[PDB]
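Enquirer: Please find one structure pasted underneath; my questions will follow.
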Amino acid sequence: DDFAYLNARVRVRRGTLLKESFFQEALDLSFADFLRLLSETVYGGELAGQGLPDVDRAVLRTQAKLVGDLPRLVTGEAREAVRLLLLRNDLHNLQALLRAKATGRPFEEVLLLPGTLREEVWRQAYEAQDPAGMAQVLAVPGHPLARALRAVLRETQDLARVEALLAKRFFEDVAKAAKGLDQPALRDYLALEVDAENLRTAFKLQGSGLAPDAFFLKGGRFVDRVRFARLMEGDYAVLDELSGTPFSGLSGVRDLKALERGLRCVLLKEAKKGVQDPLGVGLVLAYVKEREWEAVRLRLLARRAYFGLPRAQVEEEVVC
C-alpha cells in the first residue's frame, strides 16, 4: 500500500475535480444544458439515461474504472484501503438480496455494486441456501473475514444480528482495529464514521427514555458514553458539553439538519489533511472521498436541473 507513487501518475485524472464553481454553472442549466455541461469533457460519452439505473451507468462505468476495480491496482496497505470499500458493497448487495430473497424475487432484478467479490460471486452468493454457501462465496477470494461470518450465519441469522454482525461486528472491531495502520488521517476519519453511526442511531430513536449508558460503543473521535445516552433521551444538552474537541462550537446547536451539514464538512476537512503526506493513503484518501461527496451532489444536481428545482430551497441539506 500506498498511493503517492500512483498519485503523481494519477493527478492526470484529477484534472476533472469540480468544486463549488462547477456546481454554480450547473444549477443554472435546463435539463438539456446540464447534459451538455457533462458532455463538454470525456464524461459526455457515457451519459445516456435519466433514472437511478441511468445515472448509475454514467457513474458505474466511470467509477468502475477509477474506484470499482482499484483493489487490483494497489498492493499491501493501499490494497486494504480500497479492498474495504468493496467489502462494504457486499453489504449493499446482501441487504438488498436478503430483503428480496426472503420471498424468491429473481436475481435479474437486483443491482449489484462492485465490491470485494467478483460479479460471479454475488450470482453464486444468492444461489446458496445454507450459510456455508453464502459464506464460502464470500471466502472464495481468500477473504479472511468471510470465513469468520461463516460461524455466525451457521449459528444465527436473526435480523438484528445480521444487520449488526455484518457491520456491527465487522465494523465494531474493524473500526477500532483499523487503527493498526500508519494512517494518521484515516485513524481520525474512521473514528468520526463510528461516531456518526452511533449518533444517527441515537438521534433517530430520541425521546423514548432509554438508558444507553450500558450499550455505549467506544471507538469514536469526540463522543462520550453518558452524552451518547443523554442525547438519545432527547436532552440536547449533550450538544453543549463538547468543549475540548473540534465540535465544541456546537455548544447550543439544536437540529439534525445542521448536525449532518456539520459532520459532512468535518469528514471532508479530515480527507484534506493528506495532501502533503509522504507515506500512506493520505492524498489518495482525499481523492476517493472527494469523488464520493462529489458524486452524491452531482447526481442530485442533475435531477434538480432536469425537473427544475429551486437551488436555495434545498441547499441547507447538502452543504457542510
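Residues in the C-alpha cells are numbered from 1 in each chain, the chains being A, B, ... in the order shown, and ligands are numbered from 1 in the order shown.
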Mind checking which residues fall within 8 Å of stretch 292-301 of chain A, counting only C-alpha atoms, ignoring those fewer than 3 positions away in the same chain, and posting them as a ChimeraX atom specification?

Expert: /A:18,23,26-27,55,59,288-289,304-305,318

Enquirer: Neighbours of residue A:319 within 10 Å (only C-alpha atoms; same-chain residues fewer than 5 positions away dropped), as a PyMOL selection string?

Expert: chain A and resi 257-258+260-265+297+314

Enquirer: Can you tell me which residues surround residue A:2 at a distance of at most 9 Å, considering only C-alpha atoms, apart from same-chain residues fewer than 6 positions away, and format the answer as a PyMOL selection string?

Expert: chain A and resi 74-79+279-282+284

Enquirer: Store the residues picked out above, limited to N, CA, C and O atoms, as a tab-separated table (two decimals), in the first residue's frame.

Expert:
```
chain	number	residue	atom	x	y	z
A	74	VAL	N	-3.47	-1.72	-6.55
A	74	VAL	CA	-2.56	-1.30	-5.47
A	74	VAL	C	-2.14	-2.58	-4.83
A	74	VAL	O	-2.73	-3.65	-5.10
A	75	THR	N	-1.17	-2.49	-3.91
A	75	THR	CA	-0.74	-3.67	-3.22
A	75	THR	C	-0.69	-3.32	-1.73
A	75	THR	O	-1.16	-2.25	-1.35
A	76	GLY	N	-0.25	-4.26	-0.89
A	76	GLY	CA	-0.06	-4.05	0.54
A	76	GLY	C	-1.14	-3.18	1.19
A	76	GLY	O	-2.33	-3.29	0.81
A	77	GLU	N	-0.75	-2.30	2.12
A	77	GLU	CA	-1.72	-1.48	2.84
A	77	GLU	C	-2.73	-0.75	1.93
A	77	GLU	O	-3.92	-0.80	2.22
A	78	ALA	N	-2.27	-0.03	0.91
A	78	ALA	CA	-3.15	0.66	-0.03
A	78	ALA	C	-4.25	-0.29	-0.58
A	78	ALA	O	-5.38	0.10	-0.76
A	79	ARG	N	-3.88	-1.54	-0.85
A	79	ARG	CA	-4.87	-2.52	-1.32
A	79	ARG	C	-5.97	-2.77	-0.27
A	79	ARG	O	-7.13	-2.95	-0.66
A	279	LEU	N	4.04	9.28	3.13
A	279	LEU	CA	3.65	7.90	3.11
A	279	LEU	C	2.11	7.76	3.26
A	279	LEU	O	1.43	8.71	3.63
A	280	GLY	N	1.61	6.56	2.94
A	280	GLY	CA	0.27	6.12	3.21
A	280	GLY	C	-0.80	6.81	2.33
A	280	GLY	O	-0.49	7.74	1.56
A	281	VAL	N	-2.04	6.39	2.57
A	281	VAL	CA	-3.15	6.69	1.64
A	281	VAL	C	-3.57	8.18	1.68
A	281	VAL	O	-4.57	8.60	1.01
A	282	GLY	N	-2.87	9.01	2.45
A	282	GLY	CA	-3.34	10.38	2.68
A	282	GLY	C	-3.88	11.07	1.41
A	282	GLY	O	-5.02	11.54	1.37
A	284	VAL	N	-4.43	9.92	-1.71
A	284	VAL	CA	-5.47	9.11	-2.39
A	284	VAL	C	-6.78	9.16	-1.59
A	284	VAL	O	-7.85	9.44	-2.14
```

Enquirer: Hey, can you check how far atom CA of residue A:140 sits from atom CA of residue A:190?

Expert: 27.7 Å

Enquirer: Can you pull out the residues contacting stretch 122-124 of chain A? Cut-off 9 Å, using only C-alpha atoms, and skip same-chain residues under 3 positions away; I want them as number ranges by chain.

Expert: A: 90, 93-94, 107, 112, 117-119, 127-128, 133-134, 137-138

Enquirer: Find the residues near residue A:184: any atom within 12 Å, counting only C-alpha atoms, skip ones fewer than 3 places away on the same chain, and give them as a PyMOL selection string.

Expert: chain A and resi 178-181+187-191+270-271+273-274+277-282+285

Enquirer: Write the residues you've just listed into a file as a JSON list (two decimals), in the first residue's frame, and include N, CA, C and O atoms for each of them.

Expert:
```json
[["chain", "number", "residue", "atom", "x", "y", "z"],
["A", 178, "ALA", "N", -8.89, -1.05, 12.92],
["A", 178, "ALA", "CA", -8.29, -0.35, 11.77],
["A", 178, "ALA", "C", -7.15, 0.58, 12.20],
["A", 178, "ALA", "O", -6.23, 0.83, 11.44],
["A", 179, "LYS", "N", -7.17, 1.06, 13.44],
["A", 179, "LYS", "CA", -6.08, 1.93, 13.90],
["A", 179, "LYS", "C", -4.68, 1.29, 13.73],
["A", 179, "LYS", "O", -3.67, 1.98, 13.79],
["A", 180, "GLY", "N", -4.64, -0.01, 13.43],
["A", 180, "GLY", "CA", -3.39, -0.72, 13.18],
["A", 180, "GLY", "C", -2.64, -0.32, 11.91],
["A", 180, "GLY", "O", -1.63, -0.95, 11.55],
["A", 181, "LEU", "N", -3.09, 0.72, 11.21],
["A", 181, "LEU", "CA", -2.42, 1.18, 10.02],
["A", 181, "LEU", "C", -1.54, 2.41, 10.36],
["A", 181, "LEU", "O", -1.68, 3.03, 11.42],
["A", 187, "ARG", "N", -7.13, 7.27, 10.78],
["A", 187, "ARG", "CA", -7.48, 7.00, 12.17],
["A", 187, "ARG", "C", -8.50, 8.01, 12.66],
["A", 187, "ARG", "O", -9.46, 7.58, 13.34],
["A", 188, "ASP", "N", -8.37, 9.30, 12.36],
["A", 188, "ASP", "CA", -9.31, 10.30, 12.81],
["A", 188, "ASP", "C", -10.61, 10.21, 12.01],
["A", 188, "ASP", "O", -11.70, 10.48, 12.54],
["A", 189, "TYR", "N", -10.48, 9.89, 10.73],
["A", 189, "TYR", "CA", -11.73, 9.85, 9.91],
["A", 189, "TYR", "C", -12.65, 8.70, 10.33],
["A", 189, "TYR", "O", -13.86, 8.94, 10.60],
["A", 190, "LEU", "N", -12.10, 7.50, 10.43],
["A", 190, "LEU", "CA", -12.85, 6.31, 10.86],
["A", 190, "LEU", "C", -13.55, 6.53, 12.18],
["A", 190, "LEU", "O", -14.71, 6.09, 12.34],
["A", 191, "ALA", "N", -12.85, 7.15, 13.13],
["A", 191, "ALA", "CA", -13.46, 7.41, 14.44],
["A", 191, "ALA", "C", -14.73, 8.27, 14.24],
["A", 191, "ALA", "O", -15.74, 8.06, 14.91],
["A", 270, "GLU", "N", -11.11, 16.42, 7.14],
["A", 270, "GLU", "CA", -10.18, 15.37, 7.55],
["A", 270, "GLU", "C", -9.51, 14.74, 6.26],
["A", 270, "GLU", "O", -8.31, 14.49, 6.27],
["A", 271, "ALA", "N", -10.28, 14.51, 5.20],
["A", 271, "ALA", "CA", -9.71, 13.88, 3.97],
["A", 271, "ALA", "C", -8.66, 14.82, 3.39],
["A", 271, "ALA", "O", -7.70, 14.35, 2.74],
["A", 273, "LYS", "N", -6.38, 16.66, 4.90],
["A", 273, "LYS", "CA", -5.07, 16.60, 5.58],
["A", 273, "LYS", "C", -4.02, 15.81, 4.87],
["A", 273, "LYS", "O", -2.84, 16.02, 5.10],
["A", 274, "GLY", "N", -4.40, 14.90, 3.96],
["A", 274, "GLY", "CA", -3.42, 14.02, 3.37],
["A", 274, "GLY", "C", -2.70, 14.61, 2.15],
["A", 274, "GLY", "O", -1.85, 13.92, 1.55],
["A", 277, "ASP", "N", 1.01, 14.41, 2.64],
["A", 277, "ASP", "CA", 1.55, 13.26, 3.40],
["A", 277, "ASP", "C", 2.56, 12.50, 2.57],
["A", 277, "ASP", "O", 2.22, 12.06, 1.43],
["A", 278, "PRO", "N", 3.80, 12.25, 3.06],
["A", 278, "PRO", "CA", 4.75, 11.47, 2.26],
["A", 278, "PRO", "C", 4.40, 9.99, 2.06],
["A", 278, "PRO", "O", 4.48, 9.49, 0.92],
["A", 279, "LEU", "N", 4.04, 9.28, 3.13],
["A", 279, "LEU", "CA", 3.65, 7.90, 3.11],
["A", 279, "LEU", "C", 2.11, 7.76, 3.26],
["A", 279, "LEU", "O", 1.43, 8.71, 3.63],
["A", 280, "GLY", "N", 1.61, 6.56, 2.94],
["A", 280, "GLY", "CA", 0.27, 6.12, 3.21],
["A", 280, "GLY", "C", -0.80, 6.81, 2.33],
["A", 280, "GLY", "O", -0.49, 7.74, 1.56],
["A", 281, "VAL", "N", -2.04, 6.39, 2.57],
["A", 281, "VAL", "CA", -3.15, 6.69, 1.64],
["A", 281, "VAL", "C", -3.57, 8.18, 1.68],
["A", 281, "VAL", "O", -4.57, 8.60, 1.01],
["A", 282, "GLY", "N", -2.87, 9.01, 2.45],
["A", 282, "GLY", "CA", -3.34, 10.38, 2.68],
["A", 282, "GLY", "C", -3.88, 11.07, 1.41],
["A", 282, "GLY", "O", -5.02, 11.54, 1.37],
["A", 285, "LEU", "N", -6.72, 8.98, -0.27],
["A", 285, "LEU", "CA", -7.95, 9.08, 0.52],
["A", 285, "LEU", "C", -8.72, 10.29, 0.09],
["A", 285, "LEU", "O", -9.99, 10.24, -0.10]]
```

Enquirer: Would you list, as number ranges by chain, the residues of stretch 147-195 of chain A that end up in alpha helix (DSSP H) under DSSP run on this structure's backbone?

Expert: A: 147-155, 159-164, 170-177, 184-195

Enquirer: For the residues selected in the previous step, produce a file with N, CA and C atoms as a tab-separated table (two decimals), in the first residue's frame.

Expert:
```tsv
chain	number	residue	atom	x	y	z
A	147	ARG	N	-14.69	-16.03	6.13
A	147	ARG	CA	-14.64	-17.28	6.90
A	147	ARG	C	-15.11	-17.03	8.30
A	148	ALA	N	-14.92	-15.82	8.81
A	148	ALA	CA	-15.41	-15.55	10.14
A	148	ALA	C	-16.95	-15.46	10.22
A	149	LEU	N	-17.58	-14.76	9.28
A	149	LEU	CA	-19.01	-14.63	9.24
A	149	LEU	C	-19.67	-16.03	9.09
A	150	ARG	N	-18.92	-17.02	8.59
A	150	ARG	CA	-19.44	-18.37	8.42
A	150	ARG	C	-19.96	-18.91	9.72
A	151	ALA	N	-19.14	-18.81	10.74
A	151	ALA	CA	-19.53	-19.33	12.05
A	151	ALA	C	-20.74	-18.63	12.63
A	152	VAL	N	-20.91	-17.35	12.33
A	152	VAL	CA	-22.04	-16.61	12.83
A	152	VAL	C	-23.37	-16.99	12.14
A	153	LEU	N	-23.35	-17.00	10.79
A	153	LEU	CA	-24.53	-17.37	10.00
A	153	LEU	C	-24.85	-18.86	10.14
A	154	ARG	N	-23.86	-19.70	10.47
A	154	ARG	CA	-24.18	-21.10	10.72
A	154	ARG	C	-24.98	-21.24	12.00
A	155	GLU	N	-24.81	-20.26	12.89
A	155	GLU	CA	-25.43	-20.30	14.20
A	155	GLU	C	-26.51	-19.32	14.40
A	159	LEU	N	-32.54	-11.13	12.26
A	159	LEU	CA	-32.29	-9.88	11.51
A	159	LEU	C	-31.42	-8.88	12.33
A	160	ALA	N	-31.61	-8.78	13.63
A	160	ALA	CA	-30.83	-7.77	14.41
A	160	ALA	C	-29.33	-8.03	14.39
A	161	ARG	N	-28.93	-9.28	14.60
A	161	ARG	CA	-27.51	-9.57	14.48
A	161	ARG	C	-26.94	-9.45	13.05
A	162	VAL	N	-27.67	-10.03	12.11
A	162	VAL	CA	-27.24	-9.90	10.70
A	162	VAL	C	-27.00	-8.39	10.36
A	163	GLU	N	-28.00	-7.54	10.56
A	163	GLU	CA	-27.81	-6.08	10.30
A	163	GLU	C	-26.60	-5.53	11.03
A	164	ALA	N	-26.30	-6.09	12.21
A	164	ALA	CA	-25.12	-5.63	13.02
A	164	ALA	C	-23.87	-6.45	12.86
A	170	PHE	N	-18.51	-6.64	12.15
A	170	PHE	CA	-17.35	-6.40	11.25
A	170	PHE	C	-16.76	-5.02	11.47
A	171	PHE	N	-17.59	-4.04	11.84
A	171	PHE	CA	-17.08	-2.68	11.99
A	171	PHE	C	-16.76	-2.35	13.41
A	172	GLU	N	-17.49	-2.95	14.36
A	172	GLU	CA	-17.11	-2.84	15.76
A	172	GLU	C	-15.60	-3.06	16.03
A	173	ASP	N	-15.08	-4.20	15.59
A	173	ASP	CA	-13.63	-4.45	15.65
A	173	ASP	C	-12.84	-3.72	14.52
A	174	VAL	N	-13.26	-3.90	13.27
A	174	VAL	CA	-12.62	-3.18	12.16
A	174	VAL	C	-12.40	-1.71	12.52
A	175	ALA	N	-13.48	-0.99	12.86
A	175	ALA	CA	-13.38	0.43	13.24
A	175	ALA	C	-12.20	0.76	14.18
A	176	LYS	N	-12.19	0.21	15.40
A	176	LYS	CA	-11.07	0.42	16.33
A	176	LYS	C	-9.83	-0.42	15.99
A	177	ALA	N	-10.04	-1.59	15.42
A	177	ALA	CA	-8.94	-2.44	14.93
A	177	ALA	C	-8.16	-1.74	13.80
A	184	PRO	N	-2.46	8.38	9.97
A	184	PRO	CA	-2.94	9.32	10.99
A	184	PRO	C	-4.24	10.02	10.58
A	185	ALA	N	-4.46	10.31	9.29
A	185	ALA	CA	-5.72	10.98	8.91
A	185	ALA	C	-6.86	9.99	8.95
A	186	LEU	N	-6.61	8.78	8.43
A	186	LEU	CA	-7.68	7.77	8.43
A	186	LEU	C	-8.12	7.44	9.87
A	187	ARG	N	-7.13	7.27	10.78
A	187	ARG	CA	-7.48	7.00	12.17
A	187	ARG	C	-8.50	8.01	12.66
A	188	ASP	N	-8.37	9.30	12.36
A	188	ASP	CA	-9.31	10.30	12.81
A	188	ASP	C	-10.61	10.21	12.01
A	189	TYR	N	-10.48	9.89	10.73
A	189	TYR	CA	-11.73	9.85	9.91
A	189	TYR	C	-12.65	8.70	10.33
A	190	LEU	N	-12.10	7.50	10.43
A	190	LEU	CA	-12.85	6.31	10.86
A	190	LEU	C	-13.55	6.53	12.18
A	191	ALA	N	-12.85	7.15	13.13
A	191	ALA	CA	-13.46	7.41	14.44
A	191	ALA	C	-14.73	8.27	14.24
A	192	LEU	N	-14.66	9.27	13.34
A	192	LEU	CA	-15.84	10.07	13.09
A	192	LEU	C	-16.97	9.23	12.42
A	193	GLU	N	-16.61	8.27	11.56
A	193	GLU	CA	-17.66	7.41	10.95
A	193	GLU	C	-18.40	6.61	12.02
A	194	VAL	N	-17.65	6.07	12.99
A	194	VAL	CA	-18.27	5.36	14.10
A	194	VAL	C	-19.16	6.34	14.88
A	195	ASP	N	-18.65	7.54	15.19
A	195	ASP	CA	-19.42	8.49	15.99
A	195	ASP	C	-20.78	8.71	15.25
```

Enquirer: With a distance cut-off of 7 Å and only C-alpha atoms, select the neighbouring residues of stretch 235-252 of chain A, excluding the residue or stretch itself and same-chain residues fewer than 5 positions from it, and output the selection as a CSV table (one decimal) with C-alpha atoms, in the first residue's frame.

Expert:
```csv
chain,number,residue,atom,x,y,z
A,222,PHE,CA,-15.3,13.0,20.1
A,227,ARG,CA,-23.6,12.1,26.5
A,230,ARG,CA,-28.5,11.7,27.3
```

Enquirer: With only C-alpha atoms as the atoms that count, which of A:231, A:267, A:275, A:97 lies nearest to residue A:255?

Expert: A:231

Enquirer: What gap, in Å, lies between atom CA of residue A:290 and atom CA of residue A:96?

Expert: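 Atom-to-atom, atom CA of residue A:290 to atom CA of residue A:96, that is 26.0 Å.
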
Enquirer: List as number ranges by chain the protein and nucleic acid residues near residue A:205, meaning an atom at most 12 Å away when only C-alpha atoms are counted, but skip any in the same chain fewer than 4 places from it.

Expert: A: 198-201, 209-212, 228-234

Enquirer: Go ahead and write the selection's residues with N, CA and C atoms as a short mmCIF file (atom, residue, chain, number, x, y, z; two decimals), in the first residue's frame.

Expert:
```cif
data_model
loop_
_atom_site.label_atom_id
_atom_site.label_comp_id
_atom_site.auth_asym_id
_atom_site.auth_seq_id
_atom_site.Cartn_x
_atom_site.Cartn_y
_atom_site.Cartn_z
N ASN A 198 -23.27 5.75 15.54
CA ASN A 198 -23.86 5.83 16.89
C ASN A 198 -24.77 7.02 17.10
N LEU A 199 -24.37 8.20 16.63
CA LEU A 199 -25.21 9.37 16.66
C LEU A 199 -26.46 9.21 15.78
N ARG A 200 -26.31 8.72 14.54
CA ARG A 200 -27.52 8.58 13.71
C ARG A 200 -28.58 7.64 14.37
N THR A 201 -28.11 6.57 15.02
CA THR A 201 -28.98 5.61 15.63
C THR A 201 -29.57 6.22 16.93
N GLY A 209 -36.64 7.41 26.15
CA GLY A 209 -36.24 7.25 27.55
C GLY A 209 -35.15 6.25 27.85
N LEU A 210 -34.58 5.65 26.80
CA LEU A 210 -33.63 4.59 27.00
C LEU A 210 -32.51 5.01 27.94
N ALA A 211 -31.93 4.05 28.66
CA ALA A 211 -30.71 4.32 29.42
C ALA A 211 -29.46 3.78 28.69
N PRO A 212 -29.02 4.47 27.63
CA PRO A 212 -27.92 3.96 26.79
C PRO A 212 -26.62 3.75 27.54
N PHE A 228 -23.74 10.27 24.87
CA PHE A 228 -24.45 9.48 23.86
C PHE A 228 -25.86 9.05 24.40
N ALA A 229 -25.90 8.50 25.62
CA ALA A 229 -27.20 8.17 26.26
C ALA A 229 -28.13 9.38 26.45
N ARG A 230 -27.64 10.46 27.09
CA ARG A 230 -28.45 11.65 27.29
C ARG A 230 -29.04 12.22 26.00
N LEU A 231 -28.21 12.28 24.95
CA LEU A 231 -28.67 12.76 23.68
C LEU A 231 -29.83 11.87 23.15
N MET A 232 -29.69 10.56 23.26
CA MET A 232 -30.77 9.68 22.81
C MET A 232 -32.09 9.88 23.63
N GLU A 233 -31.95 10.28 24.91
CA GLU A 233 -33.08 10.70 25.76
C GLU A 233 -33.73 11.98 25.34
N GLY A 234 -33.18 12.65 24.34
CA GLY A 234 -33.74 13.90 23.89
C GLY A 234 -33.13 15.11 24.53
#
```

Enquirer: Go through A:143, A:168, A:303, A:14 one by one, measure the shortest atom-to-atom distance of each to residue A:87 using only C-alpha atoms, and give the residue with the smallest value.

Expert: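 Going through A:143, A:168, A:303, A:14 one by one, the smallest distance to residue A:87 is for A:143.
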
Enquirer: Restricting the calculation to only C-alpha atoms: of A:6, A:42, A:67, A:125, which residue gets closest to residue A:101?

Expert: A:125

Enquirer: Name the closest residue to residue A:302 among the candidates A:62, A:136, A:50, A:21; distances are taken between atoms, counting only C-alpha atoms.

Expert: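 Under the stated criterion, the closest residue is A:50.
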